[PDB]
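In: This one's a deposited entry, sequence included:
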Amino acid sequence: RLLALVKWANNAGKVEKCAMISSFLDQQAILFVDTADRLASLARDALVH
Amino acid sequence: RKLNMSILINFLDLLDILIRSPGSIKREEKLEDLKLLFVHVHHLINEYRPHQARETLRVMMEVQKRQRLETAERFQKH
């Protein structure tokens, strides 16, 4: 099982780049939902008063 | 009318923000920006509210005057 580990040690950096990609795309999805959320908080809270 | 069109064009520019660069600083400004526009669209039409108030007094007075004369004429016919 240590041999399997040191085999995968060549494939480590690609998974590091994949984690970077996944974090970036999750951040942009949170940006979309935050824009829609702040527009809802405009339209239902501040303008009613 | 200017503020209506400005609200729609700033919504389109917010769509351009969401297309091009969602991580930009400007969207926070943009999500503030049209808010300010919406405030002004309320703040102008609230300025129609005293005027409307004064104007309803005027038409009430006119209707009041007319009804008096109508009763007068009605009674005189009787």
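Out: Good, I have the coordinates. Residues are numbered from 1 along each chain as shown, chains lettered A, B, ... in the order given.

In: Quick check, central residue of chain B?
Out: residue B:45 (3.1 Å; C-alpha atoms, centre = their mean).

In: Next, work out how far apart that residue and chain A are.
Out: 12 Å (C-beta to the nearest C-beta, to the nearest Å). From N, CA and C alone the C-beta is placed, and that goes for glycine too.

In: Contacts only, for that residue.
Out: Contacts for residue B:45 were tallied using C-beta atoms under 8 Å, 6 or more residues apart in numbering or on different chains; there are none.

In: at 10 Å instead, please
Out: Residue B:45 is in contact with residue B:52, counting by C-beta atoms under 10 Å, 6 or more residues apart in numbering or on different chains.

In: Is residue B:24 in a helix, a strand, or coil?
Out: coil (DSSP: H, G, I helix; E, B strand; the rest coil).

In: And for whichever residue of chain B sits closest to chain A, nearest residue in space, chain neighbours not counted?
Out: Residue of chain B nearest chain A, by C-beta to the nearest C-beta: residue B:22 (4.2 Å). Counting by C-beta to C-beta, 6 or more residues apart in numbering or on different chains, residue B:22 lies nearest to residue A:31, which is 4.2 Å off, once chain neighbours are set aside.
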